[PDB]
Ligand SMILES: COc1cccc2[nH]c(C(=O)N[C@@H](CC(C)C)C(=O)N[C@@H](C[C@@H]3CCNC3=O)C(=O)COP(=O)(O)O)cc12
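The chain below stands alone and is given in C-alpha cells; this is the form deposited without the ligand.
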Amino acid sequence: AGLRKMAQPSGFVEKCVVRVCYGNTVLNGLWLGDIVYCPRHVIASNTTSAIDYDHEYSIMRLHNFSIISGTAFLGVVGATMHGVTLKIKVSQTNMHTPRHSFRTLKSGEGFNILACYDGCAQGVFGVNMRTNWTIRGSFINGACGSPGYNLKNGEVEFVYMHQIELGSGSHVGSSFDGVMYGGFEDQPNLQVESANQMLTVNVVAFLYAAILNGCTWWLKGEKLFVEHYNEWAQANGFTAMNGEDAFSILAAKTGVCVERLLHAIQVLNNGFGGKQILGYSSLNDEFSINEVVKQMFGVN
C-alpha cells in the first residue's frame, strides 16, 4: 500500500486509566494490579515555586486522594514515592490488567501515547523518543500521567508517563520506575533541552520504504562511506550511522546499499525542490526499521 503514521490499538490500555485527584490538582493515573501509578506532582500544594518533595511527601494526607476508574471509587490504603512518580496502593485489583512489563526507552525507539484528560482516553498517536529525550506531542492542561505504551509478544509494554511541557513546546515523561527521560525535573523553572538531531537510522528506513514503493527519482548510484557520512552528520544535525548491519532491506530491493541512502541523505537534506517521497516534502525521521517492516511486510 504505502507508509502512514500510525498507532497500535489502545483498548488494552484504556481500561487501566484512572482520574487521580489530590486536593485541588487533577491528573491521570495508571492502575495495574492493586497499584495506581501517577506523577508525584499531584500532591504538590503550589506548582509555582521550587517544590520540596521530601517535605511534600511528609505532609501528604491520603484522605485528600480520590481515585476514580470509570464510575467507581478506589480506596487508597498506601502510597510511596519513587523518583518522579507515586505508587499509590489501593484495595481494589484491576481485573482488566493486561499481561505487561515496564521498559525504559532508548534514543529513537518508537512508541504510542494515549492522551488522557479526566481519567479518559481522548486520543492516540505514535511518537518517537527523541535524541534530546523529549517528544513532539500534543497535550494541554491535564494530560499529565497519560501513558505511553507498546504491544509486543502479546503483552503491553509500559514506557512513558507524561510529566511536563518545556518552554519550547517539547514534552517529557518518565518511565514507570520514576526516572525522567533526559534527567529533567518536575519543577516549574525554565529547562532547556539539548538540540534535536535527526535520526539517520529512520531516514534510511524511510528511503528504503520509498524504494519498496515506487519512489526512486532521488536515488543516484554514487556511494558515501559511513565514516564520511558521520563526519558530515556530526556537523549538519544528524545522528551518527552506527548500525549499518540492521538492514536485510539492503538485500530485499538489493541494488541499494546503505551507503547510497547515506548519500541521498546529504543531497536531499537541502531540499526536495517541490518533488515528494511517499507524500512528504523533506527527509522524515518518524519511522524506525521495525515500523517500516511492519507496514511493508506485515511483519510484527
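Don't overthink the numbering: it's just position in the shown sequence, from 1. Only residues modelled in both forms are compared. For the two forms, the rigid core is made up of the largest set of C-alpha atoms that agree within 1.5 Å on superposition.
Form solved in complex with the ligand: not shown, discussed below.
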Spell out, yes or no, whether the shortest heavy atom distance between residue 174 and the ligand in the deposited complex is within 4.5 Å.
-> no
For residue 80, is any heavy atom within 4.5 Å of the ligand in the deposited complex, or not?
-> no
Does at least one non-hydrogen atom of residue 143 fall within 4.5 angstroms of the ligand in the deposited complex?
-> yes
With a 4.5 Å heavy atom cut-off, would you call residue 164 a contact of the ligand in the deposited complex?
-> yes
If you check 216, 122, 97, 187 against the ligand in the deposited complex, which one has a heavy atom within 4.5 Å?
-> 187
Just one stretch in 86 to 94, 218 to 226, 204 to 212, 189 to 197 has heavy atoms within 4.5 Å of the ligand in the deposited complex, so which one is it?
-> 189 to 197
Check each residue of 266 to 300 against the ligand in the deposited complex and list those with a heavy atom within 4.5 Å, in sequence order.
-> none
Sole residue of 49, 58, 254, 270 shifting 2 angstroms or more in CA between the shown form and the other one, core aligned = 254
Lining up the core, where do at least three residues in a row all have CA moves of 2 Å or more between the shown form and the other one?
-> 249 to 255
